[PDB]
């Protein structure tokens, strides 16, 4: 069967959405309401992904893959000719895995209290201060080469771009951001990024 990506516009699922397009693979997308857990076809999403989260990818064997970091690696490895991640077993691949884990744990999950309407303002300020430090660190790495892992665009950039959009939407203060901003401007120009954004109507 053709792959299907479950997504919410602008959510973390934008990362494998971009990767799908960078990879030139065939796929469809299906929007999910994360509150009601119903998809845009009326389907009960919990019967699909019990974790009730996006992204989830239906593979061509009909099975489901969850967790963004797993999905983008799966997709990149399907298209080695596109060099969207270093080949398995190489030190470069372990550093790609390192950065994917950093993005998932320190950036992505770092936003959790900010998106919870039960979190009080004062704690949100503390959370924002930590994200300042983390994004500023990323900025320092981006001073050294065009993309996160080096000179070449990779799946880690799809993920970084996605969470960085949240930083801008939340008007996050970032002390060191000049390299990050130039990086974001460039990544936003990629045809696959533009097409993913258009498909999500954002």
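Positions refer to the first chain, counted from 1.
Enquirer: Please compare 60-68 with 142-150 and name the stretch with the higher mean C-alpha B-factor in the deposited structure.
Expert: Averaging CA B-factors over each stretch, the winner is 60-68.
Enquirer: Check the entry's C-alpha temperature factors for 96-104 and 76-84, then say which stretch has the higher mean.
Expert: According to the PDB entry, the answer is 76-84.
Enquirer: Per the coordinate record, which of the options 164, 53, 47, 134 holds the highest CA temperature factor?
Expert: Highest C-alpha B-factor among the listed residues goes to 47.
Enquirer: Comparing against every modelled residue in the chain, figure out the third that the C-alpha B-factor of residue 192 lands in (lowest, middle or highest).
Expert: Its C-alpha B-factor, which the entry lists for residue 192, ranks in the middle third among residues of this chain.
Enquirer: Can you tell me whether residue 157 has a C-alpha B-factor in the lowest, middle or highest third compared with the other modelled residues of the same chain?
Expert: Bottom third by C-alpha B-factor.
Enquirer: Residue 21: which third of its chain by C-alpha temperature factor?
Expert: Within its chain, residue 21 is a middle-third residue by C-alpha B-factor, going by the deposited values.
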